[PDB]
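Asker: The file below is input_30.txt, compact mmCIF, C-alpha atoms and all ligand atoms:
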```
# COMPACT_ATOMS: atom_id res chain seq x y z
CA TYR A 1 5.50 1.32 15.10
CA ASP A 2 2.13 2.03 16.84
CA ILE A 3 1.23 -1.28 18.61
CA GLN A 4 -2.43 -0.13 19.06
CA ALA A 5 -3.14 1.14 15.48
CA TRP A 6 -4.60 -2.23 14.32
CA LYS A 7 -7.82 -1.68 16.30
CA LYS A 8 -9.08 1.42 14.44
CA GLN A 9 -7.75 -0.11 11.18
CA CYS A 10 -9.95 -3.16 11.85
CA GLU A 11 -12.95 -0.96 12.78
CA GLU A 12 -12.57 0.87 9.43
CA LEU A 13 -12.27 -2.42 7.51
CA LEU A 14 -15.39 -3.79 9.23
CA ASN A 15 -17.21 -0.58 8.23
CA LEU A 16 -16.18 -1.22 4.57
CA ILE A 17 -17.31 -4.88 4.87
CA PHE A 18 -20.75 -3.79 6.24
CA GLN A 19 -21.11 -1.43 3.15
CA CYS A 20 -20.36 -4.36 0.75
CA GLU A 21 -23.56 -6.02 -0.55
CA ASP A 22 -21.62 -9.33 -0.44
CA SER A 23 -21.59 -9.18 3.43
CA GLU A 24 -25.38 -9.27 3.87
CA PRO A 25 -25.60 -13.07 4.58
CA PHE A 26 -22.80 -12.77 7.16
CA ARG A 27 -23.78 -9.60 9.13
CA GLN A 28 -25.72 -11.48 11.84
CA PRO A 29 -25.57 -15.01 13.35
CA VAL A 30 -27.32 -17.62 11.10
CA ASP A 31 -31.09 -18.09 11.79
CA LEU A 32 -31.52 -21.81 12.63
CA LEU A 33 -35.27 -21.55 11.67
CA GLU A 34 -34.23 -20.83 8.01
CA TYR A 35 -31.41 -23.49 8.19
CA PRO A 36 -32.44 -26.05 10.86
CA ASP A 37 -29.50 -28.48 10.29
CA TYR A 38 -26.87 -25.68 10.60
CA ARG A 39 -25.42 -26.73 14.01
CA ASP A 40 -25.23 -30.40 12.82
CA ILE A 41 -22.49 -29.22 10.36
CA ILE A 42 -21.07 -26.04 11.98
CA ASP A 43 -19.49 -26.36 15.43
CA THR A 44 -18.64 -22.65 15.93
CA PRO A 45 -20.95 -20.04 14.36
CA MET A 46 -19.40 -16.66 13.55
CA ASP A 47 -20.64 -13.45 11.90
CA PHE A 48 -19.43 -9.86 11.39
CA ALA A 49 -21.64 -8.37 14.12
CA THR A 50 -20.04 -10.78 16.64
CA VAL A 51 -16.54 -9.83 15.36
CA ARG A 52 -17.31 -6.07 15.63
CA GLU A 53 -18.81 -6.47 19.15
CA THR A 54 -15.78 -8.53 20.32
CA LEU A 55 -13.46 -5.79 18.97
CA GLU A 56 -15.47 -2.94 20.52
CA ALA A 57 -15.65 -4.80 23.90
CA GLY A 58 -11.84 -4.85 24.00
CA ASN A 59 -11.85 -8.69 23.76
CA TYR A 60 -9.30 -9.05 20.92
CA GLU A 61 -5.64 -8.76 21.98
CA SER A 62 -4.28 -8.72 18.37
CA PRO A 63 -5.48 -8.45 14.78
CA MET A 64 -4.46 -12.13 14.34
CA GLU A 65 -7.30 -13.12 16.70
CA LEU A 66 -9.83 -10.95 14.71
CA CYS A 67 -8.49 -12.47 11.46
CA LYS A 68 -9.06 -16.03 12.82
CA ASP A 69 -12.72 -15.24 13.60
CA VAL A 70 -13.30 -13.57 10.17
CA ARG A 71 -11.73 -16.61 8.44
CA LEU A 72 -14.15 -18.83 10.46
CA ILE A 73 -17.08 -16.93 8.84
CA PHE A 74 -15.73 -17.96 5.46
CA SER A 75 -14.82 -21.56 6.37
CA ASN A 76 -18.33 -22.02 7.87
CA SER A 77 -19.85 -20.87 4.57
CA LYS A 78 -17.62 -23.31 2.59
CA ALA A 79 -18.54 -26.15 4.98
CA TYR A 80 -22.33 -25.41 4.88
CA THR A 81 -22.61 -24.85 1.05
CA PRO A 82 -24.30 -27.72 -0.85
CA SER A 83 -22.50 -26.49 -4.03
CA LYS A 84 -19.34 -24.48 -4.95
CA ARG A 85 -21.75 -22.55 -7.32
CA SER A 86 -24.02 -21.41 -4.38
CA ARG A 87 -25.10 -17.71 -4.33
CA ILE A 88 -24.20 -17.22 -0.63
CA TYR A 89 -20.89 -19.21 -0.96
CA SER A 90 -19.97 -17.15 -4.10
CA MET A 91 -20.56 -13.95 -2.05
CA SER A 92 -18.29 -15.38 0.70
CA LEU A 93 -15.41 -15.92 -1.77
CA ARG A 94 -15.51 -12.33 -3.08
CA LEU A 95 -15.81 -10.92 0.43
CA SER A 96 -12.89 -13.14 1.57
CA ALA A 97 -10.68 -11.81 -1.27
CA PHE A 98 -11.58 -8.23 -0.26
CA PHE A 99 -10.87 -8.94 3.41
CA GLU A 100 -7.52 -10.66 2.75
CA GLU A 101 -6.38 -7.79 0.42
CA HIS A 102 -7.07 -5.26 3.24
CA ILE A 103 -5.98 -7.19 6.41
CA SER A 104 -2.48 -8.06 5.11
CA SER A 105 -1.02 -4.55 5.86
CA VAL A 106 -2.83 -4.48 9.25
CA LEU A 107 -1.13 -7.77 10.27
CA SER A 108 2.27 -6.81 8.82
CA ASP A 109 2.26 -3.40 10.55
CA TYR A 110 1.21 -4.87 13.91
CA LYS A 111 3.83 -7.65 13.84
CA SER A 112 6.54 -5.12 12.81
CA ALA A 113 5.49 -2.77 15.68
CA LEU A 114 5.70 -5.62 18.18
CA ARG A 115 9.16 -6.64 16.86
CA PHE A 116 10.29 -2.97 17.23
CA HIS A 117 8.86 -2.86 20.79
CA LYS A 118 10.85 -6.01 21.77
CA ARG A 119 14.03 -4.96 19.83
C1 LIG B 201 -27.96 -13.55 8.44
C2 LIG B 201 -28.59 -14.65 7.56
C3 LIG B 201 -29.07 -14.08 6.20
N1 LIG B 201 -27.60 -15.72 7.35
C4 LIG B 201 -27.99 -16.90 6.73
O1 LIG B 201 -29.11 -17.34 6.84
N2 LIG B 201 -26.95 -17.59 5.93
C5 LIG B 201 -25.52 -17.19 6.11
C6 LIG B 201 -24.47 -18.29 6.07
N3 LIG B 201 -24.93 -19.30 5.13
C7 LIG B 201 -24.04 -19.92 4.27
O2 LIG B 201 -22.86 -19.73 4.42
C8 LIG B 201 -24.51 -20.71 3.14
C9 LIG B 201 -23.77 -21.35 2.19
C10 LIG B 201 -24.69 -21.87 1.25
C11 LIG B 201 -25.92 -21.54 1.69
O3 LIG B 201 -25.85 -20.81 2.87
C12 LIG B 201 -26.10 -20.01 5.69
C13 LIG B 201 -27.26 -19.02 5.53
```
Could you render the structure as structure tokens?
Ligand SMILES: CC(C)NC(=O)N1CCN(C(=O)c2ccco2)CC1

Answerer:
Amino acid sequence: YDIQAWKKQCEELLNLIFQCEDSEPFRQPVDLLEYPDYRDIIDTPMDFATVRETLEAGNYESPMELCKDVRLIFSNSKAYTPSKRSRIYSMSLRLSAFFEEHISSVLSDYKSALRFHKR
């Protein structure tokens, strides 16, 4: 029932994501010189370095907020992809499955700890 345990759990999961080859396109904010129409399609850029820095700054209150930003990485990739068969979109779908498999216990444990705290 540790209300703070999610933060190190999320740091560890981000470490695993940075070791995945599938994260390489998503580790840093998109380069607009490579993709000059990106901000015509994507309103809110997001990447894993931004998520890690926000976490380490103490600017997430809950793992739900981190999860929303990570899911934005994946919805941006789906929105920007010219094809469902894209290399970089295909990498996003595997990485998303990995992330979702690992974040589910982090969210469940946090929400259970908060319920215990307010019992
Ligand atoms: C750090 C750097 C390597 N990032 C990028 O230049 N990428 C990452 C995100 N991208 C896509 O989600 C996408 C879908 C289909 C084609 O690109 C756009 C391009």

Asker: Which residues are near residue 118 in chain A? Cut-off 12 Å, only C-alpha atoms, ignore same chain within fewer than 5 positions. Put them as a PyMOL selection string.

Answerer: chain A and resi 1+3+111-113

Asker: Quick one: pull the distance between CA of residue 67 in chain A and CA of residue 35 in chain A, Å, one decimal.

Answerer: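 Between CA of residue 67 in chain A and CA of residue 35 in chain A the gap works out to 25.6 Å.
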
Asker: Write out as JSON an axis-aligned box for range 78-96 of chain A: all of its atoms listed in the file, 6 Å added on each side, centre and edge lengths in Å with one decimal.

Answerer:
```
{"center_x": -19.0, "center_y": -19.3, "center_z": -1.2, "size_x": 24.2, "size_y": 28.8, "size_z": 24.3}
```

Asker: Using all atoms listed in the file, can you tell me which of A:116, A:74, A:80, A:18 comes closest to residue 96 in chain A?

Answerer: A:74

Asker: Which chains and residue numbers are within 7 Å of ligand LIG 201 (chain B), counting all atoms listed in the file, if I want them as a list in words?

Answerer: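 My answer, listing the contacting residues, is residues 24, 25, 26, 27, 28, 29, 30, 31, 34, 35, 76, 77, 78, 80, 81, 82, 86, 87, 88 and 89 of chain A.
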
Asker: Could you list, as a compact mmCIF listing (two decimals) with C-alpha atoms, in the coordinates of the input, every residue within 12 Å of residue 43 in chain A, counting all atoms listed in the file and ignoring same-chain residues fewer than 4 positions away?

Answerer:
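What follows is the written file result-v4.txt:
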```txt
# COMPACT_ATOMS: atom_id res chain seq x y z
CA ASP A 37 -29.50 -28.48 10.29
CA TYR A 38 -26.87 -25.68 10.60
CA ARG A 39 -25.42 -26.73 14.01
CA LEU A 72 -14.15 -18.83 10.46
CA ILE A 73 -17.08 -16.93 8.84
CA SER A 75 -14.82 -21.56 6.37
CA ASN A 76 -18.33 -22.02 7.87
CA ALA A 79 -18.54 -26.15 4.98
CA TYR A 80 -22.33 -25.41 4.88
```

Asker: Could you state the separation of CA of residue 62 in chain A and CA of residue 12 in chain A in Å, given to one decimal place?

Answerer: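 Rounded to one decimal, the two atoms are 15.5 Å apart.
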
Asker: Check the smallest atom-to-atom distance from each of A:42, A:36, A:47, A:2 to residue 14 in chain A using only C-alpha atoms, then report the winner.

Answerer: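 Nearest candidate to residue 14 in chain A out of A:42, A:36, A:47, A:2: A:47.
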
Asker: With all atoms listed in the file as the atoms that count, which of A:109, A:69, A:11, A:21 lies nearest to residue 46 in chain A?

Answerer: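 Looking at the shortest contact to residue 46 in chain A, the residue is A:69.
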
Asker: For the atom pair CA of residue 70 in chain A and CA of residue 115 in chain A, what is the interatomic distance in Å to one decimal place?

Answerer: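 Taking CA of residue 70 in chain A and CA of residue 115 in chain A, their separation equals 24.4 Å.
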
Asker: Smallest atom-to-atom distance to residue 17 in chain A: which of A:97, A:63, A:90, A:44, using only C-alpha atoms?

Answerer: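 Answer, going by the shortest atom-to-atom distance: A:97.
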
Asker: Find, counting all atoms listed in the file, the residue in A:57, A:10, A:93, A:49 that gets nearest to residue 22 in chain A.

Answerer: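 Of the candidates, the smallest distance to residue 22 in chain A is held by A:93.
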